[PDB]
Amino acid sequence: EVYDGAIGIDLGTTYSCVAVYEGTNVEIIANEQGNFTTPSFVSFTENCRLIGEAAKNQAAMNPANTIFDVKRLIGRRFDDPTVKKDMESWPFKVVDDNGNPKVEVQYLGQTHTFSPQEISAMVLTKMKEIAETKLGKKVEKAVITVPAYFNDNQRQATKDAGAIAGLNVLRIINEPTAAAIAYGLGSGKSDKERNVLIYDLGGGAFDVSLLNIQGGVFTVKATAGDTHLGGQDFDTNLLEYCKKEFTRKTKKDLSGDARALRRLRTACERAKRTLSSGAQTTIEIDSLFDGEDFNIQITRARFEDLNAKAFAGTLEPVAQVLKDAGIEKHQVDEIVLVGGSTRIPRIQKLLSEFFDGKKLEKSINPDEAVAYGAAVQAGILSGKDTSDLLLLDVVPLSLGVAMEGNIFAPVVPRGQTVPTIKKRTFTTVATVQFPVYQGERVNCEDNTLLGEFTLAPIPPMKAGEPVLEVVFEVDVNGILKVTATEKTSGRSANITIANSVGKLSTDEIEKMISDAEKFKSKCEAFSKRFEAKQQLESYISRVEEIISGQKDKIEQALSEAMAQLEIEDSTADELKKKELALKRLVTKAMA
Amino acid sequence: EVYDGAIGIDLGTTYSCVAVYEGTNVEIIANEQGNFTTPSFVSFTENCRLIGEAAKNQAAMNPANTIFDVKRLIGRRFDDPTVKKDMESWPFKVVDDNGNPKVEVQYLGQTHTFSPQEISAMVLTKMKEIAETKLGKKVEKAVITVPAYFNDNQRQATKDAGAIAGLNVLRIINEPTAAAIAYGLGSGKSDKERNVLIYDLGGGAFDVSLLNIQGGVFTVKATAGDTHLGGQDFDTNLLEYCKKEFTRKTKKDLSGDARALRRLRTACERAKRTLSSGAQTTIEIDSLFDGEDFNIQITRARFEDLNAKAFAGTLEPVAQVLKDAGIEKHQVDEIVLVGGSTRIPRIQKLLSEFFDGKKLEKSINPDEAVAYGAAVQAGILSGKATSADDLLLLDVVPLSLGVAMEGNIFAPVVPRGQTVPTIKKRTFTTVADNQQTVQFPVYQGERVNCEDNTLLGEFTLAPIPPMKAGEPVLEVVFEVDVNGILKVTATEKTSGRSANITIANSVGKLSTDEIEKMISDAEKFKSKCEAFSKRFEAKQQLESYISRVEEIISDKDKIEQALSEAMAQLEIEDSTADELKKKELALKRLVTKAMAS
Ligand SMILES: Nc1ncnc2c1ncn2[C@@H]1O[C@H](COP(=O)(O)OP(=O)(O)OP(=O)(O)O)[C@@H](O)[C@H]1O
Ligand SMILES: Nc1ncnc2c1ncn2[C@@H]1O[C@H](COP(=O)(O)OP(=O)(O)OP(=O)(O)O)[C@@H](O)[C@H]1O
Ligand SMILES: [Mg+2]
Ligand SMILES: [Mg+2]
């Protein structure tokens, strides 16, 4: 009853996708709606939580309790510029708690504040349950995907979200590398050394990788990208233009109604997807804001002009990854497209022009390749042809410490293969505390603080004589673990971390897990009791129509059933027992 | 550059699905949006025909010119009851042409009439195009799917639609048989004999089939169903309830607004999909009608109560298939589910209760199994699939084919359940001396009074050799080919001689001339659409160029003059792409010459 294998979960900004691999074939799993991709929406009702198409349908109906874009918010600090801007754009309310942002929603009649790891854990629970419906067994091992440019806080937060979802995260794989698994194994193969450029432009994140494929070894030569650039930004540009036309043609401004913003955003996304096939489209919506209809024509040229800066901007990480691995465009063997936004013809024309008219490779599915590769890797890691598979990934941004004058000291440089061990020596001015950052800027104020690290047990000596060996280890998941040991006096030194972000202690993870199980239990209770009360009331009505000693016993049992119908404390099982007892008694008396 | 194989297309009431099979694996092909199912919508504009989700998304904006549900109209007569009720519910205008229904739209600035075979042909051409970008070659052979209970007029109708789409219809395969191929070959195969029950509840049609599956032999033991029962009927019930509640809460009626009915219908389908998973949902749509908002809550029990008679009715064709096949409930080995509407938990509850709580088989994909099996049979028929996989299909006729006697009383000639292909005979004779004509109506169905059957047509047999009354023996032959289509012939066993047959008051039949002309019109429409794309894109590129050289020139008299000429050419709507490009080149010579100075 327990699935001994492992599933692959592509956790995307806009859509999530689950797949499974059993050694012979990889299958993408469809949800209860028949869709192989499930939107990453989580809405909150009075008694349950909606995830997927159900949550996205109730987005305009309840924008304050419909959560989305958690991927752009997970692992970040509350006062980062991107989350301040996003928070200005998002309709739901985000609060600051001890430096960590948490959304505030109305759930189960009370106010609740959820960390991004909890919401992402809800989405992961949904995908896992899709896999469980497909397999018919309990799923507990999984491989989860992250963008290649995710920093340490984001990867650790995503993995913790995988733990809250009740999954054993066997591996955190980079999405372009998983797509490389889908392309190199599927349409291709052959022990032929080839250079593959992976261009993954999704809904919220952007990645580009350069890999060397020799048989079964996948070697990431380089990678670049932007974890806050996707199709929703293009939707934002077209949305801003449409707002300018609305306030221009009606004098009214719709900026204050999140409902109207949601409907207009949906219309702009539909128009964008239409413009990838045609040369023009039209948006017509009723009321919108303050009872003012809207009708505008959008040309493909207008969309491309509105998104020219971003479309052209995507070429900068391409030249970046090209220079970092030291290869030229003539030497790039293939260019594979991954992500929905790659369906934009302007993007493909920019990439094809950049490589001097080279034709783009589009044999793999841009929506399922990531979950495909993740599923293959999970099936291999759980032992479920392809024994030569080797994954040599890379760290995207430098992991270092803050020097004197707050200058970035890289310990693990970008482009370092993974996993790796690095070491750096510290000493005392007379505990030792230093800030660990990640990024690529010289001044650490322009980098991502991994935290303030304090070394707890130090011997008492003169200044400079103790040598403190600090070890930065980066595992196959790409996550940093630091330790400390000094060569004089031997010994070990435990480390404490303050002012961190995206991490959760084991206690908090256990608490969130138990709370999740309690939520699901309450949902099953509400649904089963609801339907049971409906059925019981219907049968009671039929019995009343039928009746209109024995008479009195019937009427009394019917009054008990009505009482159980009025009491909210009644359980579905008790309701079933009452209905069955009614049927037994009425059949005995009638016969 | 022509694909030698064949594609399998599932032509559904709501969604169509294309697939290909070459010998090893069968691929379900995704469209331009990456979707494996494309909606069966065709909307007409001033310049082009939109097919698919591009047409479905503008259903609220242009409801009078957006066409759908033609699968419930194809092969039917204008005065059929279902055609009248559906016409009362449809926003587009349907017109009777000598009894044949025809969708009338505003297209290319002029009024246009289309037969259902033409619109179905447009959908089939869209799926064919999907397969063509997938394969990189032009395809011209295909196997098209029809419901098992489709009658003779309907089958001939969709086959002619496949001809109009430019395809060579190698076979007309029944949808539960294609799903049966998907389950018997794709889900898993055993050399053990098994009785498989297939329950296909789609968007507009309903089929139940019992097949004997023995390795590679697929034998249809029986089949029943209802070609006019689907999920859209449940959406119609919920919609009618929503109109009752709206009129109750506002004292106003939206039954006259087509856009309002479309928005409410979309919200009802969405609410049904949600109710398949949860126990309750909410419909909230603002400014639905007369500036009146609409907000109600729909419970699952309310939905099931609204569709209780139809849901309970789905079990009757299952009992019918069990009686016809001579099989008890215990002897059914697997119950496979096909069609999106099968996701309704009430339906699965009814089915499982009908078989004493037996678990239903959900191994195959309920949205792609039909295109799966159709693609398999297409690959085998085209010869592209060789050796790998003994596949044999033995199908039956769904309804009895017969004539009408004195008193309009049905006399069956080919009974239901008869294996295909088949040959049956029935004798006629004259009632007077030197009689030259014997005329009889051919019907399909099971009822005794042909008033409740489907008229295949008035068949006139003439002339007859001059003999005395009741002397000639007119052997009439009802032949049913592998597609399930009826061809009738006549002979006079005395002295042989083929006797000529004429058909009148038919439906779903087209002569070769009309089909060829419809193909030509399709070519003209695609040519006009591609032309419009060329003029539009060339126009936009010329605009961008004019703006660029305005920025450049404002940083010469011939460049200004050529600019004015280009703008004036840009103001004319009848400008060709070659003329626009010629003007852009005329500018380009001047500005590039000035750029080199
Ligand atoms: N035909 C199309 N034309 C243009 N854009 C499209 C098209 N189809 C999908 N998109 C865009 O692609 C995005 C979703 O693609 P994808 O599934 O790769 O996102 P994701 O993987 O969830 O995002 P991320 O990789 O950032 O986590 C959507 O934002 C959508 O707007
Ligand atoms: N999750 C769901 N719950 C309930 N109903 C659904 C669900 N998903 C789809 N449906 C219904 O199923 C229908 C689509 O099924 P399908 O694609 O089999 O139709 P079709 O093949 O076009 O119909 P037909 O076979 O009659 O031509 C839709 O009309 C929709 O209303
Ligand atoms: Mg992605
Ligand atoms: Mg169907």
Side-chain angles (χ1 to χ4, degrees), chain A residues 10-17 36-40 68-72 74 123 145-150 158 174-176 178-179 200-207 225-236 238 265-266 268-278 300 303 307 337-348 365-371 374, chain B residues 10-17 30-35 37 40 53-54 71 145-148 174-176 178-179 200-207 227 230-231 338-342 366-371 374:
Chain A
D10 172 30
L11 177 63
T13 305
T14 309
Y15 296 104
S16 297
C17 181
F36 302 95
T37 65
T38 301
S40 306
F68 55 92
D69 274 10
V70 186
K71 198 172 179 185
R72 284 189 161 184
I74 183 176
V123 177
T145 70
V146 297
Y149 234 57
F150 256 21
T158 299
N174 289 313
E175 300 172 6
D200 191 348
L201 186 53
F206 172 54
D207 268 341
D226 181 2
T227 61
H228 197 283
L229 178 63
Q232 57 182 138
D233 301 327
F234 316 142
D235 296 338
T236 304
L238 185 57
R265 170 166 295 276
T266 302
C268 289
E269 205 280 335
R270 234 188 262 267
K272 172 186 69 185
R273 289 190 289 102
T274 306
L275 289 171
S276 301
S277 309
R300 171 187 290 183
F303 181 75
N307 301 286
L337 303 180
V338 183
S341 300
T342 53
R343 291 190 175 95
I344 299 179
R346 181 70 206 282
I347 292 296
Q348 310 184 15
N365 179 269
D367 297 307
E368 300 170 1
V370 177
Chain B
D10 169 28
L11 178 63
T13 307
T14 49
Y15 299 100
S16 296
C17 180
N31 52 22
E32 316 170 283
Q33 296 297 323
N35 293 328
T37 65
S40 306
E53 38 274 296
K71 194 178 180 184
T145 70
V146 300
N174 289 320
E175 297 176 8
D200 190 345
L201 185 59
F206 176 47
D207 280 333
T227 61
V338 186
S341 181
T342 222
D367 295 317
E368 307 165 4
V370 177

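The figures that follow rest on heavy atoms only: side chains count, while hydrogens, waters and symmetry mates do not. All chains are named by letter (A, B, ...) in the order of the sequence lines, taking the proteins before the strands, and each is independently numbered beginning at 1. Atoms within a ligand are numbered from 1 in the order they appear, just like the ligands themselves.
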Return the protein residues near ligand 1 (heavy atom under 4.0 Å from any of its atoms), ordered by chain and residue number.
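The 4.0 Å shell around ligand 1 contains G12(A), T13(A), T14(A), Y15(A), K71(A), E175(A), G202(A), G203(A), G204(A), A205(A), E269(A), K272(A), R273(A), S276(A), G339(A), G340(A), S341(A), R343(A), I344(A), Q33(B).
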Does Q348(A) have more than 12 heavy atoms from other residues, nucleotides or ligands lying within 6.0 Å of its CD?
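Correct, the count exceeds 12.
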Can you name the one residue among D207(A), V338(A), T145(A) that meets side chain to side chain contact (heavy atoms under 4.5 Å, CB included) with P176(A)?
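The single option meeting the side chain to side chain contact (heavy atoms under 4.5 Å, CB included) with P176(A) is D207(A).
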If only side-chain N and O atoms count, and only distance matters, is there a donor-acceptor pair under 3.5 Å linking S16(A) with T38(A)?
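Note: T38(A) and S16(A) side chains miss the donor-acceptor criterion.
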Any side-chain heavy-atom pair from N174(A) and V146(A) closer than 4.5 angstrom?
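Yes - at least one pair of side-chain heavy atoms lies under 4.5 Å apart.
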If I compare all heavy atoms of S277(A) with all of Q33(B), which pair ends up nearest, and what's the gap?
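That would be OG-NE2, 3.8 Å.
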Go through the steps for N35(B) and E53(B) under the test side-chain contact (heavy atoms from CB on, under 4.5 Å), then give the verdict.
CA-CA 10 Å; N35(B) 293 328; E53(B) 38 274 296; 3.6 Å; yes
